[PDB]
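J.: To start, I am sharing the structure in question, which I have written as structure tokens.
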Ligand SMILES: [Mn+2]
Ligand SMILES: [Mn+2]
Ligand SMILES: [Mn+2]
Ligand SMILES: [Mn+2]
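Residue numbers (the UniProt record's numbering), protein chains in the order written: chain B, 4 to 14, 16 to 21, 32 to 374; chain L, 4 to 14, 16 to 21, 32 to 374; chain V, 4 to 14, 16 to 21, 32 to 374; chain G, 4 to 14, 16 to 21, 32 to 374.
Next up, the structure:
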């Protein structure tokens, strides 16, 4: 089986909040097997180097031509080849690897998690981002998610308003939910070290379980200092833009927790390298997302199932934000977790009609 | 006097809780003197590289043949020879050295502690592990041990349940006992650094005297960071698997207290090297155990009696967990301490009948 | 397919030099497929914690019972389970993983290298150890190996004689061979830092390509200092006794090259974690061996074929030292390299007659 | 057996060069056994805190009164007591411990080396200091010592003349002796780091085997820097004025070799602690001296016989410098080594007549 064609399709899907743009990859092999992958980001170029437009242009012009003709069953050789011709471009690489893994899983009749070694679990805990902006509404949404047993871990995005306004908001939510939920924050690099010093103390003293990426990745020393002084543990996300960054942060002691994202590392196998480095250093894990649809979510999930331990769970709730999907199989969210079947590949198939309807 | 025969016998003894497996060593010398030693571990291979089965196989096939014929009175030459042919195998080496020291003590008419230089005390404070799992039962067992004046220092094994569940358990016990007892914990490498950050703070703020091995030995930086930030002092145990590890941790500032175990270092003389290194660095001491019976307990005790100071006492309570013993002389636990006589060798003799009864 | 039986057989084979002891593992699965593995060391306990006797005792008593009944096709779950019940025991784990990988390769019809991701090459460069002790003989053996195009990279084991005697020996060999061969040394931890200082300079100034493990693993600082001052690069071998050690050495900058041994890490998949860590740090690779027969050699080789780059080649020449083998398929050494076929599993089958003949 | 009396006698003996002052200790025990020790220095207060006069005054007024009445057979308890009442005073402590060890050896019928664990050798290599000041004479004395097979390792004391004058002297001696002798230097803290930089390079490039204490102990950073840059290894001597200093230097990486002196550490047992620390760090050893007579030399020797390895030999040639002695048994210097018998204690007895003749 050889790789015959690779198609990168930009799809705009409507959300429950506005749209979300996905780059769906379809890799057709000579044995008739097709693999599907996903390369998705948030806000064009605001949360990464790659935009949907940039991802497609590079796949069509550089990445895809390098793979047509190669053995579809030798994923390592294919991905190493891409590293030799292309610096970075991890989101694009992630979609490509996800698709090759899907095709290979269907070919051998095994779930991607088994291709990656074997799963140690069948479900993953999923956190939920309370994003209404209104404290009263957030507490209400949280009480609801707990009621229907969908989520018991909540994430708050802060950093866009005055520090003291965001702190009041977060402390109020943890105060009202109490021990019934785990409350965490994500500052998305918005604070400088001088603002984080007091903010991390207040949050830590008021029961916040972890503080995700409080300051910018450019401030390495600041990350090391905050890792040693904050009452609540520091998780790195944006600081990891490659597997080598993970080693660097580990060697430096810049964070006690690493967020694992297939898009930021280069695919399901790449994310496992990063996880392995963290494991060898004793750094805790968390399954992150770039708000992918079901393809990217399942591609992430299949890798996370092989991990010994994910101390802080995951946030694979991307499909729950989309009103319409492009696959036929809806993901199973039940009892605070996402459940992954033992079907071949990623266990998903495209809905040709909805795909054609939402493809731009 | 030459070494003529060395026998390694696996013995399964019943406990008050299940069984405990010991490897009893018998070294017979040409002058008719016999020395007895012990090499014991907990849970097969779960708490160390050496299992009872592995210990015996290596003694019979490699270690013992190297000693038959050598002067029984030159312990240094014998132990150095073993280091030259065998990497690691500290538990096995510990049993062998204990036996040679016992034989040499009987030969010269001196207690092993005197062979090791001279004792500065005749008794050692002994801590007790509250292991029922039930908080109410633990407090009750603790009140009892205080009542009969057997123990006033208590150790709790945590880390197998959710962090917050274990913290509640430990804080409740310290709350109810108050200043009448010293309460300490042992996490047995079960937490990662991200979990330990908050856990060490809560424990330290609630009167826990020390936190033993909170995180894995693989996380060196984490140990150094926790040593600088935890309100309660950090004790290293599993991180020491040799005398050289002790130097490394001392040079790094990875712990302010070292647990001393003859099995983890290579014998009574080896444990003294580790203690000496700690002393030269200003690191506090604690007499640890691998739940040995009376032979291994006394072998440890004889070395600990020579120490200038053991700030945190010891936990030489192993014989109290066994319902049956293989020696004739029961250890004296009285007034919160273990008392060591001034009899030759380890001051113990085998009970041939019980030995034959429990030997597998 | 479930794991039904696991047999650990000690086999003594004759060498061209004396014997070599192997522990052959046979794992039988419920679908009729059998996987074979190997756990071998050099000199009993002289080059590691595990002896052939210790390896078998632990497999029979602890490791094997934990696997009987588990899915043979979920290697990750099986190996993670072993890490949970057994500390260390990497040689034993390496044999077990090699066997599971072999069985799984035969089951799916793929070579182990493909199970591990996909090979990027079909052959590996192989170095040869000149071990006659006589300089004149060594040069002769080297000229011969170059003549028949079997080896062009030579390794010298030094450290057992006076420093200046070993230096003369090594310099003479490089002097006479010139640019036709690559000459490297291995000191096997025999020098202390004070001896290595001058020795590394002389060797480096006289064309020796690399210096393998000059000083003991206990001297970490010394390794860091030698890594910064020696004219010839420093390779770590004995310092790596686990994947976590590799991270530590990388973070410390203790060596610019890592020797990769499946036995020291825990198996083919484990050695890949170590290699990944090195790659993320920019550390060069070398395929090492513990003088394994064809099973262990091929198990190592299949993992090394997936690596992007092995700057310093390999030393997979173990089968060339044995006069008799226990497999039917002889390895192909041709044109300075070892060639690996694309047959299922490790591509080897046992010779039942020679096995029964050499099994102790 | 209790300690009844301790006498500190100042004795002035004539040398082959001038006199050498010794402080002979005689400890009489209630069982009739007497132990002899020695506390000696060079040049009053020029090479240490303690002078012969200061040593005696402190023994008579503070140290001795603290021991009268204690068990003579519990050396550990006695020495620990002294550490509790007296800061430093290592030379004095060294004499006292040597005497207690001698008495205890005679009491049990064992050589001190056996009390310390057991010897691994019966002789020690001895270096010789060429001190005539004249290059031509030094070469001649060296050729002679090689001829009669007394010494093959030579030490040169430099630093009192202009750097370039001393360098010429040392290089000429190594040039003329060639590979027949090992040439080493001792700068006795005389250079500052700026002078040592070039001097260490010249010496290292011209075959000098090691450079002993080139700069002052006050310059720690300078020692660390020279340890990393000098072509020839750096040995610490004056930097060690206690066992704790040894740990500090080891942790810092200030030297690759440690000189072991009983007088600088506190006695035979104390020097073993220092040696153990070095061993755990991978630092090479050398048996040093303070130009002691036979009592102090043998007291040092008995401890050095227990050491696994002394890479750079010893310099126990003190008795060869004295024309008259105060003991009856002359030391055996033969075939480049000092030979130690297996007689009880230090194996020496006082010559009452010569003692009374040279006692001041
Ligand atoms: Mn984030
Ligand atoms: Mn412990
Ligand atoms: Mn090697
Ligand atoms: Mn000196």
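Virtual Cβ for every residue (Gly too), placed ideally from N, Cα, C.
#1: Using a Cβ cut-off of 7 Å (strictly closer), state whether residue 287(V) contacts chain B.
#2: Going along chain L in order, which residues have a C-beta closer than 7 Å to the C-beta of residue 215(B)?
#3: Just to make sure I have the definition right: I need the residues of chain V whose C-beta is within less than 8 Å of the C-beta of residue 3(G). Which are they?
#4: If you drop the 5 nearest sequence neighbours on each side, which residues of the same chain put their C-beta closer than 7 Å to that of residue 315(B)?
#5: Along chain V, which residues have their Cβ under 8 Å away from the Cβ of residue 61(L)?
#6: For residue 109(V), return the contacting residues in chain L, with the cut-off set at a CB-CB distance below 9 Å.
#7: Please identify the residue among 307(L), 197(L), 217(L) whose C-alpha is closest to the C-alpha of residue 342(L).
#8: Figure out for me which residue from 176(B), 193(B), 220(B) has the closest Cα to the Cα of residue 166(B).
#9: Sorted by chain position, which residues of the same chain lie with C-beta nearer than 7 Å to residue 109(G)'s C-beta, five sequence neighbours on each side aside?
#10: Since residue 66(L) sits in a beta bridge, which residues does DSSP pair it with?
#11: Do you know offhand how far residue 246(V)'s Cα is from residue 200(V)'s?
#12: Which value, in whole angstroms, describes the spacing of the CA atoms of residue 378(V) and residue 115(V)?
#13: Taking the alpha-carbon of residue 21(V) as reference, which of 82(V), 182(V), 147(V) has the nearest alpha-carbon?
#14: Candidates 322(L), 344(L), 335(L): which alpha carbon is nearest residue 135(L)'s?
#15: Which residues of chain G have a Cβ atom closer than 7 Å to the Cβ of residue 233(V), listed in chain order?
#16: May I ask which residues mark the beginning and end of the alpha helix (DSSP H) holding residue 79(B)?
#17: Any heavy atom of ligand 3 closer than 6 Å to the beta-carbon of residue 48(G)?
#18: Which residues in chain B have a C-beta closer than 8 Å to the C-beta of residue 49(V)? List them in chain order.
#19: Quick one: grab the DSSP three-state call for residue 350(G).
#20: When the Cα atoms are used, what is the spatial distance from residue 46(G) to residue 86(G)?
#21: Can you pull the DSSP bridge partners for residue 227(B)?
#22: For the beta strand (DSSP E) containing residue 137(G), list its first residue and its last residue.
#23: Pull up the distance between the alpha-carbon of residue 121(L) and that of residue 92(L), whole angstroms please.
#24: Determine, using beta-carbon pairs with one atom in the segment 221–234 of chain L and one in the segment 360–367 of chain L, whether at least three such pairs fall under 8 Å.
#25: So, with DSSP's three-state summary, where would you put residue 125(V)?
#26: Along the chain, which unbroken stretches of the beta strand (DSSP E) at least 3 residues long are found entirely within the segment 217–261 of chain G?
#27: Would you report the Cα separation of residue 304(V) and residue 35(B), rounded to the nearest angstrom?
#28: Extract the residue ranges of the alpha helix (DSSP H) inside the segment 110–195 of chain L, only unbroken runs of 4 or more that lie entirely within it.
#29: Output, in chain order, the set of chain G residues within a Cβ distance shorter than 8 Å of residue 267(V).
#30: What does the alpha-carbon distance come out to for the pair residue 72(V) and residue 256(V)?
#31: Does any residue of chain L bring its CB to less than 7 Å from the CB of residue 46(V)?
#32: Whole angstroms are fine: how far does the CA of residue 318(B) sit from the CA of residue 356(B)?
#33: Using a C-beta cutoff of 7 Å, does residue 218(L) count as contacting chain B?
#34: With residue 285(V) as the anchor, note down where its alpha helix (DSSP H) starts and where it stops.
#35: Look at the Cβ atom of residue 100(L), then the Cβ atom of residue 49(L), and state whether they are nearer than 7 Å.
#36: Is residue 226(G) near ligand 4, in the sense that its beta carbon is under 6 Å from a heavy atom of that ligand?
T.: In this structure, then:
#1: yes
#2: Residues of chain L passing the Cβ test: none, with the nearest at roughly 12 Å.
#3: Residue 3(G) lies beyond the stretch modelled for chain G, which goes from 4 to 374, so this question has no answer here.
#4: 138, 330, 352, 354
#5: Near residue 61(L) (Cβ distances below 8 Å), the residues of chain V are 101.
#6: For a Cβ distance threshold of 9 Å, nothing in chain L lies close to residue 109(V): the least Cβ distance comes to about 15 Å.
#7: 307(L)
#8: 193(B)
#9: 37, 39, 51, 52, 53
#10: Note: residue 66(L) sits in no beta bridge, so no partner.
#11: 13 Å
#12: Any property of residue 378(V) remains undetermined from this structure, which presents chain V solely from 4 to 374.
#13: 147(V)
#14: Considering only alpha carbons, the answer is 322(L).
#15: What residue 233(V) touches in chain G: 295, 296.
#16: 78–81
#17: With a cut-off of 6 Å, the C-beta of residue 48(G) is classified as distant from ligand 3, since no heavy atom of the ligand falls inside that distance.
#18: The premise fails here: residue 49(V) is roughly 15 Å from chain B at the closest Cβ pair, so nothing lies under 8 Å.
#19: coil
#20: So the two alpha carbons sit approximately 11 Å from each other.
#21: DSSP output for residue 227(B) lists no bridge partner at all.
#22: In the DSSP annotation of this structure, the continuous segment of the beta strand (DSSP E) that includes residue 137(G) starts and ends at 137–139.
#23: 17 Å
#24: Taking 8 Å as the limit for Cβ pairs, the verdict is that the segment 360–367 of chain L does not touch the segment 221–234 of chain L.
#25: In the structure shown, residue 125(V) falls within a strand segment according to DSSP collapsed to helix, strand and coil.
#26: 248–250
#27: Roughly 53 Å separates the two Cα atoms.
#28: 126–129, 149–161, 177–191
#29: Per Cβ cutoff of 8 Å: no residues; residue 267(V) is ~14 Å from chain G at best.
#30: 19 Å
#31: It does not: the Cβ of residue 46(V) has no partner Cβ on chain L nearer than 7 Å.
#32: 14 Å
#33: no
#34: 282–295
#35: no
#36: yes
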